[PDB]
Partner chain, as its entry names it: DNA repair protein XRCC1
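Coming up is one lone chain in C-alpha cells, specifically the form solved without the partner chain.
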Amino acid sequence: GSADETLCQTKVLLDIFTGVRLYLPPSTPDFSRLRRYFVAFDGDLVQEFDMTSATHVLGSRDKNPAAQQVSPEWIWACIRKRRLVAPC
C-alpha cells in the first residue's frame, strides 16, 4: 500500500508525472484517481487506442511504443518523489 499512504491526502497530486503522459488503463487498480490524479498533477492521459501522440502508457506500450511503459508503482514512487522516476 502505498496509495492509502499517499492518496491519504485527498488525492495528493504533486509534481510527479510532471508532463508525464502515461496511458492509464481502465483495468488498472485505483484507476478512478489514477486518471484524474495523474492528468491532474499536470500531465496527460491518452486512451489505449489513442497514444500515437501520447507520451506515457501504463502497463504495455503497443498501443504506443513511443510512450512509457510505467506501472502503478511508478505513479506512487513518482508522485512521492515529486519528480517522474524510472518508468517500469
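Positions refer to the first chain, counted from 1.
Unshown form solved in complex with the partner chain; subsequent notes refer to it.
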> All three of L13, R35 and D44 touching the partner chain in the deposited complex at 4.5 Å, heavy atom to heavy atom?
Replying inline: yes
> At the 4.5 Å heavy atom threshold, is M51 in contact with the partner chain in the deposited complex?
Replying inline: no
> Can you name the residues of 48-66 that have a heavy atom within 4.5 Å of the partner chain in the deposited complex?
Replying inline: none
